[PDB]
Every structure is written in structure tokens, then in C-alpha cells.
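Novice: Sharing coords_10.pdb, PDB, C-alpha atoms and all ligand atoms:
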ATOM      1  CA  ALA A   1      96.914 103.032  94.563
ATOM      2  CA  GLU A   2      98.782 100.314  96.402
ATOM      3  CA  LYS A   3      98.360  97.116  98.352
ATOM      4  CA  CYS A   4      99.080  96.796 102.040
ATOM      5  CA  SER A   5     101.494  93.891 102.030
ATOM      6  CA  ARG A   6     100.987  93.577 105.769
ATOM      7  CA  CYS A   7      97.512  92.163 106.136
ATOM      8  CA  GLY A   8      97.144  91.377 102.478
ATOM      9  CA  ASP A   9      94.412  93.752 101.408
ATOM     10  CA  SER A  10      94.536  96.302  98.639
ATOM     11  CA  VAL A  11      93.806  99.843  99.695
ATOM     12  CA  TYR A  12      93.933 103.441  98.572
ATOM     13  CA  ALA A  13      91.158 105.193 100.442
ATOM     14  CA  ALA A  14      89.658 103.578 103.500
ATOM     15  CA  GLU A  15      91.064 102.807 106.929
ATOM     16  CA  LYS A  16      94.507 103.435 105.507
ATOM     17  CA  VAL A  17      96.816 105.915 107.152
ATOM     18  CA  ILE A  18      99.721 108.021 105.998
ATOM     19  CA  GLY A  19     102.873 107.097 107.840
ATOM     20  CA  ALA A  20     104.620 110.263 106.777
ATOM     21  CA  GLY A  21     105.399 108.449 103.550
ATOM     22  CA  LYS A  22     104.355 104.813 103.658
ATOM     23  CA  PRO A  23     100.755 103.553 103.321
ATOM     24  CA  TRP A  24      99.448 101.433 106.183
ATOM     25  CA  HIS A  25      96.330 100.388 108.033
ATOM     26  CA  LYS A  26      94.884 101.124 111.453
ATOM     27  CA  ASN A  27      96.292  97.825 112.676
ATOM     28  CA  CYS A  28      99.016  96.952 110.171
ATOM     29  CA  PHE A  29     101.380  99.129 112.165
ATOM     30  CA  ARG A  30     104.888  97.717 111.970
ATOM     31  CA  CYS A  31     107.531  99.389 114.084
ATOM     32  CA  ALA A  32     110.401 100.842 112.133
ATOM     33  CA  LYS A  33     112.828  99.982 114.942
ATOM     34  CA  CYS A  34     111.685  97.001 117.028
ATOM     35  CA  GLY A  35     109.679  95.643 114.082
ATOM     36  CA  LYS A  36     107.203  94.389 116.669
ATOM     37  CA  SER A  37     103.631  93.674 115.705
ATOM     38  CA  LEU A  38     101.376  96.507 116.742
ATOM     39  CA  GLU A  39      97.662  95.992 116.380
ATOM     40  CA  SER A  40      94.758  98.237 117.305
ATOM     41  CA  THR A  41      94.014 101.682 115.947
ATOM     42  CA  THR A  42      96.304 103.674 118.191
ATOM     43  CA  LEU A  43      99.981 104.426 117.782
ATOM     44  CA  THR A  44     102.263 107.047 116.261
ATOM     45  CA  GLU A  45     103.816 108.021 112.960
ATOM     46  CA  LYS A  46     107.091 109.837 112.430
ATOM     47  CA  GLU A  47     110.481 110.027 110.756
ATOM     48  CA  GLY A  48     108.896 109.374 107.387
ATOM     49  CA  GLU A  49     107.624 106.075 108.726
ATOM     50  CA  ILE A  50     105.731 104.833 111.748
ATOM     51  CA  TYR A  51     106.987 103.961 115.164
ATOM     52  CA  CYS A  52     105.447 101.947 117.980
ATOM     53  CA  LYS A  53     104.466 103.369 121.316
ATOM     54  CA  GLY A  54     105.735 100.068 122.671
ATOM     55  CA  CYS A  55     109.235 101.374 122.028
ATOM     56  CA  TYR A  56     108.709 104.586 123.913
ATOM     57  CA  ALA A  57     107.046 102.355 126.471
ATOM     58  CA  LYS A  58     110.233 100.456 127.187
ATOM     59  CA  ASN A  59     112.514 103.415 127.783
TER      60      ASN A  59
HETATM   61 ZN    ZN B 101      96.833  96.237 105.998
HETATM   62 ZN    ZN B 102     108.862  99.564 118.499
END
Please express the file's structure as C-alpha cells.
Specialist:
Amino acid sequence: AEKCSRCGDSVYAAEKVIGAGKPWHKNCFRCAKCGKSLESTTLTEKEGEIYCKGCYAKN
């Protein structure tokens, strides 16, 4: 029972995903480090949050 303050849609049981703690969407992925915008339903979640593959892409 919460509202994804990313896109702006309330959710609790749908396309939401568990970011090891925080509720998100399969597109509302916001990197915990580079804060970059990460769309699409494909990324990674860890460290109690969710990180972007774009980070591990830089190296
Ligand atoms: Zn969202
Ligand atoms: Zn990142």
C-alpha cells in the first residue's frame, strides 16, 4: 500500500517490483548512485535498493 512517486501512479500489486526494500515499477528504476533515469523492464536490484546496469556499464 503505497504510491510510486516516480511515475505518479499508486500501486501495491501489479507491475511493481521489490527493490530489496523500496517499491518501484518496471520502468521507474532510479539508480541509487548515478540517479540516472533507467527505463525499460530490465535492470538490477541490490543493497536494499536498486542500481542501474548503466553504472556497471561504465566501469
Ligand atoms: Zn512508477
Ligand atoms: Zn547508475
Novice: Have a look at A:58, A:44, A:31, A:10 and name the one nearest to ligand ZN 102 (chain B); count all atoms listed in the file.
Specialist: A:31
Novice: Taking the file above as input, evaluate the PyMOL selection byres (((chain A and resi 41) around 6) and not hetatm) and report the hits as number ranges by chain.
Specialist: A: 26-27, 40, 42
Novice: Can you spit out the residues from that selection as a PDB file, in the frame of the given file, using C-alpha atoms?
Specialist:
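Output file out.pdb follows:
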ATOM      1  CA  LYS A  26      94.884 101.124 111.453  1.00  0.00           C
ATOM      2  CA  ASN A  27      96.292  97.825 112.676  1.00  0.00           C
ATOM      3  CA  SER A  40      94.758  98.237 117.305  1.00  0.00           C
ATOM      4  CA  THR A  42      96.304 103.674 118.191  1.00  0.00           C
TER       5      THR A  42
END
Novice: Pick out the residues no farther than 8 Å from ligand ZN 101 (chain B), counting all atoms listed in the file, and list them as a list in words.
Specialist: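 Result of the 8 Å neighbour search around ligand ZN 101 (chain B): residues 3, 4, 5, 6, 7, 8, 9, 10, 11, 16, 24, 25, 26, 27 and 28 of chain A.
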Novice: Check every protein, DNA and RNA residue against ligand ZN 102 (chain B), keep those with an atom at most 6 Å away (counting only C-alpha atoms and all ligand atoms), and present them as JSON, numbers by chain.
Specialist: {"A": [31, 33, 34, 35, 36, 51, 52, 54, 55]}
Novice: List the spatial neighbours of residue 20 of chain A as number ranges by chain - criterion: any atom at most 12 Å away, only C-alpha atoms, same-chain residues fewer than 5 positions off excluded.
Specialist: A: 44-51
Novice: Please rebuild segment 19-52 of chain A with N, CA and C atoms and give the result as an mmCIF file, keeping the file's coordinate frame.
Specialist:
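Dumped everything to selection24.cif:
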data_model
loop_
_atom_site.group_PDB
_atom_site.id
_atom_site.type_symbol
_atom_site.label_atom_id
_atom_site.label_comp_id
_atom_site.auth_asym_id
_atom_site.auth_seq_id
_atom_site.Cartn_x
_atom_site.Cartn_y
_atom_site.Cartn_z
ATOM 1 N N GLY A 19 101.780 107.172 106.888
ATOM 2 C CA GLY A 19 102.873 107.097 107.840
ATOM 3 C C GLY A 19 104.031 107.995 107.412
ATOM 4 N N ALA A 20 103.640 109.266 107.180
ATOM 5 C CA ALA A 20 104.620 110.263 106.777
ATOM 6 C C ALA A 20 105.386 109.832 105.515
ATOM 7 N N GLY A 21 104.746 108.909 104.764
ATOM 8 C CA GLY A 21 105.399 108.449 103.550
ATOM 9 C C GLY A 21 104.858 107.100 103.064
ATOM 10 N N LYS A 22 104.821 106.148 104.023
ATOM 11 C CA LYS A 22 104.355 104.813 103.658
ATOM 12 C C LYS A 22 102.874 104.622 104.025
ATOM 13 N N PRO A 23 102.159 103.889 103.123
ATOM 14 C CA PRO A 23 100.755 103.553 103.321
ATOM 15 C C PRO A 23 100.601 102.345 104.260
ATOM 16 N N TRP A 24 99.691 102.525 105.243
ATOM 17 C CA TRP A 24 99.448 101.433 106.183
ATOM 18 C C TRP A 24 97.946 101.312 106.462
ATOM 19 N N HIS A 25 97.697 100.592 107.575
ATOM 20 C CA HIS A 25 96.330 100.388 108.033
ATOM 21 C C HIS A 25 96.283 100.750 109.522
ATOM 22 N N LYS A 26 95.038 100.814 110.030
ATOM 23 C CA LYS A 26 94.884 101.124 111.453
ATOM 24 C C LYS A 26 94.945 99.818 112.264
ATOM 25 N N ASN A 27 96.079 99.115 112.025
ATOM 26 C CA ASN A 27 96.292 97.825 112.676
ATOM 27 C C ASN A 27 97.561 97.156 112.111
ATOM 28 N N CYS A 28 97.849 97.524 110.838
ATOM 29 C CA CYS A 28 99.016 96.952 110.171
ATOM 30 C C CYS A 28 100.288 97.741 110.517
ATOM 31 N N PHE A 29 100.228 98.353 111.714
ATOM 32 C CA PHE A 29 101.380 99.129 112.165
ATOM 33 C C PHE A 29 102.560 98.200 112.503
ATOM 34 N N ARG A 30 103.659 98.472 111.762
ATOM 35 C CA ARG A 30 104.888 97.717 111.970
ATOM 36 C C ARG A 30 105.994 98.704 112.348
ATOM 37 N N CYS A 31 106.494 98.495 113.582
ATOM 38 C CA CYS A 31 107.531 99.389 114.084
ATOM 39 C C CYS A 31 108.759 99.416 113.173
ATOM 40 N N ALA A 32 109.238 100.661 112.982
ATOM 41 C CA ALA A 32 110.401 100.842 112.133
ATOM 42 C C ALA A 32 111.704 100.428 112.842
ATOM 43 N N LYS A 33 111.618 100.338 114.196
ATOM 44 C CA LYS A 33 112.828 99.982 114.942
ATOM 45 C C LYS A 33 112.774 98.558 115.536
ATOM 46 N N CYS A 34 111.750 98.321 116.395
ATOM 47 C CA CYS A 34 111.685 97.001 117.028
ATOM 48 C C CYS A 34 110.945 95.978 116.141
ATOM 49 N N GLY A 35 110.384 96.514 115.028
ATOM 50 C CA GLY A 35 109.679 95.643 114.082
ATOM 51 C C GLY A 35 108.529 94.826 114.703
ATOM 52 N N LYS A 36 108.263 95.120 115.991
ATOM 53 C CA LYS A 36 107.203 94.389 116.669
ATOM 54 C C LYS A 36 105.848 94.617 115.992
ATOM 55 N N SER A 37 104.981 93.609 116.238
ATOM 56 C CA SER A 37 103.631 93.674 115.705
ATOM 57 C C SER A 37 102.803 94.572 116.622
ATOM 58 N N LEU A 38 102.156 95.556 115.970
ATOM 59 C CA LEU A 38 101.376 96.507 116.742
ATOM 60 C C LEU A 38 99.978 96.641 116.130
ATOM 61 N N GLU A 39 99.043 95.971 116.832
ATOM 62 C CA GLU A 39 97.662 95.992 116.380
ATOM 63 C C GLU A 39 96.921 97.158 117.047
ATOM 64 N N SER A 40 95.604 97.189 116.746
ATOM 65 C CA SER A 40 94.758 98.237 117.305
ATOM 66 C C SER A 40 94.999 99.557 116.559
ATOM 67 N N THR A 41 93.944 100.395 116.626
ATOM 68 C CA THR A 41 94.014 101.682 115.947
ATOM 69 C C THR A 41 94.449 102.781 116.925
ATOM 70 N N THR A 42 95.747 102.691 117.272
ATOM 71 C CA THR A 42 96.304 103.674 118.191
ATOM 72 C C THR A 42 97.818 103.467 118.288
ATOM 73 N N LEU A 43 98.526 104.495 117.776
ATOM 74 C CA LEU A 43 99.981 104.426 117.782
ATOM 75 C C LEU A 43 100.552 105.812 117.433
ATOM 76 N N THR A 44 101.654 105.782 116.648
ATOM 77 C CA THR A 44 102.263 107.047 116.261
ATOM 78 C C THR A 44 103.036 106.872 114.950
ATOM 79 N N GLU A 45 103.116 108.018 114.239
ATOM 80 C CA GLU A 45 103.816 108.021 112.960
ATOM 81 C C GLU A 45 104.826 109.173 112.938
ATOM 82 N N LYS A 46 106.047 108.819 112.473
ATOM 83 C CA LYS A 46 107.091 109.837 112.430
ATOM 84 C C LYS A 46 108.341 109.321 111.706
ATOM 85 N N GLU A 47 109.208 110.320 111.413
ATOM 86 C CA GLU A 47 110.481 110.027 110.756
ATOM 87 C C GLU A 47 110.286 109.418 109.359
ATOM 88 N N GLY A 48 109.179 109.855 108.733
ATOM 89 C CA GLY A 48 108.896 109.374 107.387
ATOM 90 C C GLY A 48 108.290 107.964 107.375
ATOM 91 N N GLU A 49 108.188 107.410 108.599
ATOM 92 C CA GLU A 49 107.624 106.075 108.726
ATOM 93 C C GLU A 49 106.629 106.072 109.893
ATOM 94 N N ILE A 50 106.640 104.941 110.630
ATOM 95 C CA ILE A 50 105.731 104.833 111.748
ATOM 96 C C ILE A 50 106.412 104.021 112.840
ATOM 97 N N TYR A 51 106.354 104.617 114.041
ATOM 98 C CA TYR A 51 106.987 103.961 115.164
ATOM 99 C C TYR A 51 105.913 103.441 116.131
ATOM 100 N N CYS A 52 106.376 102.526 117.015
ATOM 101 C CA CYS A 52 105.447 101.947 117.980
ATOM 102 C C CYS A 52 105.609 102.611 119.342
#
